[PDB]
2 protein chains.
Amino acid sequence: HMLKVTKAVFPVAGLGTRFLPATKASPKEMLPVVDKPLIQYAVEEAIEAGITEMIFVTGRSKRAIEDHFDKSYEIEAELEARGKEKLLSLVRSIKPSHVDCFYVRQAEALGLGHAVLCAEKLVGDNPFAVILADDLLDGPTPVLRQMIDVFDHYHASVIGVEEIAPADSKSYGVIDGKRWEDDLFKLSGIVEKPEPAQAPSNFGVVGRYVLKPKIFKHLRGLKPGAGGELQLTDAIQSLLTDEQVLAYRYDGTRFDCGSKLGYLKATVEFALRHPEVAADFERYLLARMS
Amino acid sequence: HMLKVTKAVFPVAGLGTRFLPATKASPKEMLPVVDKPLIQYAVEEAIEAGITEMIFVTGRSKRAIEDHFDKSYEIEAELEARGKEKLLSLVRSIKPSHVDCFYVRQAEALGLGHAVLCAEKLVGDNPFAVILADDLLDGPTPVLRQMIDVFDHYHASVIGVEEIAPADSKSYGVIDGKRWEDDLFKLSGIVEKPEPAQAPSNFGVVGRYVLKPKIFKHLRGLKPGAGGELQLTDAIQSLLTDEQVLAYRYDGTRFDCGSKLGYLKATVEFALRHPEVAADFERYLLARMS
Ligand SMILES: O=c1ccn([C@@H]2O[C@H](COP(=O)(O)OP(=O)(O)O[C@H]3O[C@H](CO)[C@@H](O)[C@H](O)[C@H]3O)[C@@H](O)[C@H]2O)c(=O)[nH]1
Ligand SMILES: O=c1ccn([C@@H]2O[C@H](COP(=O)(O)OP(=O)(O)O[C@H]3O[C@H](CO)[C@@H](O)[C@H](O)[C@H]3O)[C@@H](O)[C@H]2O)c(=O)[nH]1
Ligand SMILES: [Cl-]
Ligand SMILES: [Cl-]
Ligand SMILES: [Cl-]
Ligand SMILES: [Cl-]
Ligand SMILES: [Cl-]
Ligand SMILES: [Cl-]
Ligand SMILES: [Cl-]
Ligand SMILES: [Cl-]
Ligand SMILES: [Cl-]
Ligand SMILES: [Cl-]
Ligand SMILES: [Cl-]
Ligand SMILES: [Cl-]
Ligand SMILES: [Mg+2]
Ligand SMILES: [Mg+2]
Ligand SMILES: [Mg+2]
Ligand SMILES: [Mg+2]
């Protein structure tokens, strides 16, 4: 009976400088897409993939994350005294009954690899998901669900990837491997933010991972890599030196809300999806562009 | 030597239900327009109008407001250790040196009039500004500056107004008065959220006021009005029964970020104004609409 994936680690401890001043007292993963934080979309994707344990690695402004998911006595009493039963149900669904939220600190912002390592003793000897909420994903089925299906079948760590334009390679981890299926690669290498001429493929890492606990030994051995940060990507490279690691070309779509441009695109996309504002927003865009 | 206006009251203590779940642990006035909270635009408008004292009336989630404007030791040390001097200057400008931030609680969300009354003993016997940050304003000169100029000249309370469509009158306070100038009215009445057929004019109140301290006596005498809330609008009505109150048609433009639609419009407008993303965002909109 092989181990199942029931834990997800959400690093939300970066500096968020691209979104200052708004990220002064709240992480970039709390930025709202019209009315819902990025991190809530990510947790909802984990929940639909069968994850019941959410581990948040917090840095500066841990309270914005904690108070979003933890029960608020005040808000429930206020909504109940006003008979706003639909809104009350909406607020309670932020953390459904069987979902646990656990918190650990990254005191120093030393990079994504270091953030994941802070969660080591909460994950224990278990496979686990890593979800970067600034990668806002959708798909016919949740991307993490697709990836856990690959993990259960091949019993290897799985890295989510998409095709990128070569000029953007300095924004991504970039994989090097052998094709097994139309959507599946066996990795022989992975590099963080290569120059376009040094990129080994057109396949960039998106912020979804299903990792075997062996990754933690390889995170512990990291030295500073790109940008002086301890890179998860270099631990994956070290890991594939010792055991099999796969990359999965997921079925779906991505907004890079780690950049203002992508955040703007996500906002526009959300708007057209909601009938409360869709028609009116359509009309405004047409008159506004002309 | 008539009293000058140096204090501004920012009510940020509403429930913010239109933006749940994002407003679970942060008020709607903290919602970012791409990278800057609504309340920071409002405080910057006050600063440019000569206001040096910011009074925040907080409700639920007071810490999101407080930690945005109060000095953060952590973030300044982190930006300095990384030599991000421009970002450090950006963060420090959130609260320039001569600007004070004071906090008072509205324990119960009983309406805008009640929120303003909570600030009574911080304002004291002084004229003061009230600024609703969900009204995101711009203009050739700051709207509050235009209004303080009218206050200094006529020595009367001044209410900011714009022309509204008659169907929207249930979203606004609506004035009734006599024209003095192309942009100036002497009020004979004001009503909160009338039915369109009962609206006395096409001029709706926007969230900018310059008020004489006599307003506080009239706020104290309020009874529950529209929506069961203690309405600032009804105190203004009571006040104009006793002394002169003017309404000023400001020179500028408005996004009603108290609604998702207006918030969406503000985001689009901000995007086109920033050369970092403007051209790319243009192209995306055209390909996205087609
Ligand atoms: O010291 C730090 C730095 C970052 N983070 C978190 O780490 C994640 C990634 O940070 P970010 O600056 O957005 O990383 P990227 O530059 O976007 O790159 C990462 O994410 C890409 C996909 O989005 C991958 O292609 C890269 O390989 C991977 O390094 C986020 O959840 C941050 O909150 C921390 O918790 N602590
Ligand atoms: O109990 C409460 C209720 C509201 N607020 C604050 O009061 C302000 C106004 O609240 P909102 O629900 O947005 O009021 P509106 O329905 O938009 O109406 C107000 O703002 C309009 C302009 O935006 C005017 O036309 C109206 O006369 C005036 O009542 C905001 O700053 C809220 O944060 C509180 O602090 N406490
Ligand atoms: Cl970050
Ligand atoms: Cl395993
Ligand atoms: Cl390219
Ligand atoms: Cl293992
Ligand atoms: Cl994108
Ligand atoms: Cl950016
Ligand atoms: Cl509100
Ligand atoms: Cl006065
Ligand atoms: Cl109309
Ligand atoms: Cl007075
Ligand atoms: Cl608007
Ligand atoms: Cl709305
Ligand atoms: Mg980073
Ligand atoms: Mg990122
Ligand atoms: Mg209200
Ligand atoms: Mg409003």
Side-chain angles (χ1 to χ4, degrees), chain A residues 16-20 23 28 78 82 134 163-171 196-197 199 202 256-264, chain B residues 9-19 23 27-31 34-35 38-39 42 56-62 65 104-119 130-137 159-162 164 168-175 190-194 199 203-209 224-237 247 254-259 262 271 274 276-277 280-281:
Chain A
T17 59
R18 284 175 175 174
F19 297 94
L20 287 167
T23 47
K28 73 170 188 204
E78 292 176 324
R82 295 156 170 86
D134 67 344
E163 188 170 339
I164 64 170
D168 299 337
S169 69
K170 243 210 155 181
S171 296
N202 288 331
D256 179 21
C257 297
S259 65
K260 277 111 92 176
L261 183 65
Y263 183 42
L264 287 169
Chain B
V9 173
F10 303 84
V12 295
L15 263 47
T17 59
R18 284 175 175 174
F19 297 94
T23 47
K28 73 170 188 204
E29 291 82 6
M30 281 296 298
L31 289 163
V34 177
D35 63 6
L38 290 161
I39 185 59
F56 300 93
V57 187
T58 65
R60 199 178 70 259
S61 311
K62 63 200 180 186
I65 291 281
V104 62
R105 315 307 187 202
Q106 186 192 33
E108 252 195 296
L110 301 170
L112 167 55
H114 180 266
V116 169
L117 180 59
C118 295
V130 176
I131 301 170
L132 318 183
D134 67 344
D135 280 334
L136 175 61
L137 305 186
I159 313 303
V161 298
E162 73 169 342
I164 64 170
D168 299 337
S169 69
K170 243 210 155 181
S171 296
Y172 297 77
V174 177
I175 60 154
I190 188 173
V191 52
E192 181 69 9
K193 298 181 171 85
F203 281 91
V205 174
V206 306
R208 300 290 189 281
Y209 317 75
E229 289 182 1
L230 308 174
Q231 301 289 351
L232 175 57
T233 298
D234 298 338
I236 295 172
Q237 168 66 36
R254 168 183 186 261
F255 294 103
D256 179 21
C257 297
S259 65
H274 293 67
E276 40 195 10
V277 294
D280 290 334
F281 188 66

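Just so it is clear, the values below take in all heavy atoms, side chains as well, and ignore hydrogens, waters and symmetry mates. We name chains A, B, ... by the order of the sequence lines, and we start the count at 1 in each one. Whatever order the structure lists them in is the order used to number ligands and atoms, beginning at 1.
Shown in contact with B:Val12 at under 4.0 Å from a heavy atom are these atoms of ligand 2, numbered in order with element: 33 (O). Applying the 4.0 Å criterion to heavy atoms of B:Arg254 picks out, from ligand 2, the atoms 23 (O). Against a heavy-atom cut-off of under 4.0 Å, B:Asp134 is close to the following atoms of ligand 2: 13 (O). Atoms of ligand 2 lying under 4.0 Å from any heavy atom of B:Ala109, numbered from 1 in the order shown and given with element: 1 (O). Of all the atoms in ligand 2, the ones that sit under 4.0 Å from a non-hydrogen atom of B:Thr233 are 27 (O). Remark: ligand 2 atoms within the under-4.0 Å shell around heavy atoms of B:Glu29 are 30 (C), 31 (O), 32 (C), 33 (O).
When B:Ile159, B:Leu132, B:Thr17, B:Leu38 are ranked by how near their heavy atoms come to atom 19 (C) of ligand 2, first place goes to B:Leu132. Summarising the contacts of atom 18 (O) of ligand 2 with B:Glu108, B:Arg18, B:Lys193, the nearest heavy atom is found in B:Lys193. When B:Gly111, B:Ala226, B:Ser171, B:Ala13 are ranked by how near their heavy atoms come to atom 35 (O) of ligand 2, first place goes to B:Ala13. Atom 26 (C) of ligand 2 has its nearest heavy-atom neighbour, among B:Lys170, B:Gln106, B:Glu192, in B:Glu192.
Looking at B:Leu112 next to ligand 2, no N or O pair under 3.5 Å apart turns up.
Counting protein heavy atoms only, atom 21 (C) of ligand 2 is closest to B:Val205 O, 3.8 Å.
Of all the heavy atoms of B:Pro11, the ones lying under 4.0 Å from any atom of ligand 2 are found in both the backbone and the side chain.
Note on ring orientation: taking the six-membered ring where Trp is involved, the planes of A:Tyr263 and A:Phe19 are perpendicular (angle over 60°, cut-offs 30° and 60°).
Applying the salt bridge (charged side-chain N to carboxylate O under 4.0 Å, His left out) criterion to A:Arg82, with sequence neighbours excluded, gives no partner residue.
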